[PDB]
């Protein structure tokens, strides 16, 4: 196939100006969408704080308005999803991947509103869920919308604009441009066959998305963890030990979410009213735990700098890990709109910090700072649960800027992804697309 390739190499990277320009506008809208979605989620969380003050004396009434405020916002989000867009439940990264396989539709006229407003409800009530899901799905659909509006033709544009949407979408959720592009290249593209996704364009989308986010967010970083210490070579083996711990825990956590989806589906059977009533009990629990023990609730970005700084006791870190594993399953397996990405960072950070603490006390000749082990384990559940280790690495790299930790991060990740493979685990986003594509056939 020599002379074909001779002509193919010659015709390499010449993305049609039409697709390049359309990725430019797609990134800009996904930018504004994620910016607005972010300001929105914050505003309800603030109102919710100011309500607990108008009632800061009658401690039971305090616990009540904390429950009901999140119950109401939760239910609203469940309903908006069951009634008008069922595939905007849960994360939504499984659907955008399916859409790249051409096995699920991009129903943009329905999802943009359902996800955006549905998420504002579940995130804004302080449920343990991430902005990733919402912005990723929302962003891909925004790409289809401009595909349809401008009626561009071809697989290139349909797969590209669908991709450049979800990349710029994950970028704007973490001020994380490189992580976004890498998310498509390692995790979201069609995994078993070639694709025409023009990377130069996904790139133009991520730039514009990131510039919009910088216009509304500069001077404040999502995670400021300072510059930590370096890692001596004779310490690396301790990070691989950490990865092995994640590698067996990774799939163990994947199993629970699948079965917990089942155990919660038994709760409502499929009945839109039992379901929405359940999410008000979940959301109300979260807005309640968010008052009485905030570390067990919320997205989890807040407790990351605190855990890295060694500011928790070892007991507290154990408590938090259990509790946050509990409230993470309750929220994500219920199907409420919102990603799982962000809260898995916290579960990872918390675990590493606990590991770094024990590592500090066993090896004073090593001169450890528990903080480096948090930064390594932060992207670790991403590796052992969703099996996109290269994406978690550049993600944590972008958010904490401790590049001198590049080796223990890479090493703990490969450790988690290898032991997750060898203990019979599956990439979480791909094992969700399955049971979805399998029920979307088992009905026949």
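Numbering follows the first chain given and starts at 1.
Check your understanding: Per the PDB record, is the mean Cα temperature factor higher over 190 to 198 or over 368 to 376?
Key -> Result: 190 to 198.
Point to revise | Given 261 to 269 and 177 to 185, the range whose Cα B-factors average higher in the PDB entry | key: Mean B over CA atoms: larger for 261 to 269.
**Study point:** From 172, 120, 163, 278, residue of greatest CA B-factor
**Key:** Highest C-alpha B-factor among the listed options: 278.
Check your understanding: Which third of the chain does residue 397 land in by C-alpha B-factor: lowest, middle or highest?
Key -> As the PDB entry reports it, the C-alpha B-factor of residue 397 lands in the lowest third of its chain.
**Study point:** CA B-factor ranking of residue 230, expressed as a third of its chain
**Key:** For residue 230, whose C-alpha B-factor we compare with every modelled residue in the chain, the answer is the lowest third.
Check your understanding: Lowest, middle or highest third: where is residue 141 by C-alpha B factor in its chain?
Key -> Its C-alpha B-factor, which the entry lists for residue 141, ranks in the lowest third among residues of this chain.
Review point. Which third of the chain holds residue 363 when residues are ordered by C-alpha B factor: lowest, middle or highest?
Key: Tercile = middle for this residue's CA B-factor.
Check your understanding: Going by what the PDB entry lists, where does residue 328 fall on CA B-factor within its chain: lowest, middle or highest third?
Key -> According to the entry, residue 328 has a C-alpha B-factor in the chain's middle third.
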